[PDB]
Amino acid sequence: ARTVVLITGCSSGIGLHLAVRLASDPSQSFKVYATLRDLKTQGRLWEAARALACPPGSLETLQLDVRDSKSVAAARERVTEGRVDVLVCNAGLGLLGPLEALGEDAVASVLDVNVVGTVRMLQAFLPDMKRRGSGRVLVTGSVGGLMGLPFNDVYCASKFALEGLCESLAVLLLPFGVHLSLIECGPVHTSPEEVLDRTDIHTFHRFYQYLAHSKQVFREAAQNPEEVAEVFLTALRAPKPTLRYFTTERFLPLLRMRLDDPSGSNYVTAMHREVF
């Protein structure tokens, strides 16, 4: 039988690229349920699917909004095979700006989608995997869940939360045969007036500096989503997958500095200088 994959957030970026990479695999090993918060956004996915000649029936789209457990449960029921071999929790939101300029609703949304939405997926799909003694869970991670980034406080909070969620689950899941892995990505190729009204002029200036620095890092280091999507495939095919896969080695040095001074002083100084 085919490996059934269900992926969240497939309208663009990594989830879209992974869905068509799997559905178009030359071996035809995978059946992919590409889920999207809003089905009106499915056009790029189908344009990409056609461009890679995904065979008819290799790819199916479902509406699945991870903020609603009813949407999660209805998409689970639509899996005609009655099982999910590979669950990919990829749906996510960014949030950028001075902490005091972020709306309360925008903050709550990032946490609900990024964190509670993955909890909702794991509650809905983990129990069947545990009973079967098999299944693979891949979660899209970020360098921002491993080290704090200025002006990405809430986004980072959310990615760090996924690290804690997944590591805690991994400790239990070790002898169940169910494998969880984070795919740690760096940058991937996928109004000033309102921010200034909500913060001070110095923070606003630092924000500009962050943004100029971010643009340069992206221009120099953003990876193609095909390259990132393939790390998911690598994790899927490992007989004994590790908790974390890194899509690049570029941030490891910073990571090691961070990890080697538990007071946090070396990291805070080094990252302040790197960005500003």
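We call the rigid core the largest set of C-alpha positions that still match within 1.5 Å between the two forms. Quick note: we count residues from 1 along the sequence shown, nothing fancier.
Comparing 191-199 with 79-87 in 7 other deposited structures of this protein, after superposition on the rigid core, the stretch with the greater RMS C-alpha deviation is 191-199. According to the record, no deposited residue between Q123 and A124 is left without atomic coordinates. Taking the mean C-alpha B-factor of each stretch as recorded, 157-165 and 67-75 are not equal, and the higher mean is that of 67-75. Judged by mean Cα B factor in the deposited record, 194-202 ranks above the other of 180-188 and 194-202. Highest CA B-factor among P150, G117, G145, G82, as stated in the entry: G82. Considering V228, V32, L36, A51 together, the PDB entry gives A51 the largest C-alpha B factor. Annotation for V275: C-alpha temperature factor in the highest third relative to the rest of the modelled chain, per the entry. Sorting the modelled residues of the chain by their CA temperature factor places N90 in the lowest third.
Per-chain ranking of the deposited C-alpha B factor places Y210 in the middle third. Among the modelled residues of the chain, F218 sits in the middle third by CA temperature factor in this PDB entry. Per the deposited record, the Cα B-factor of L6 falls in the lowest third when ranked against the other modelled residues of its chain.
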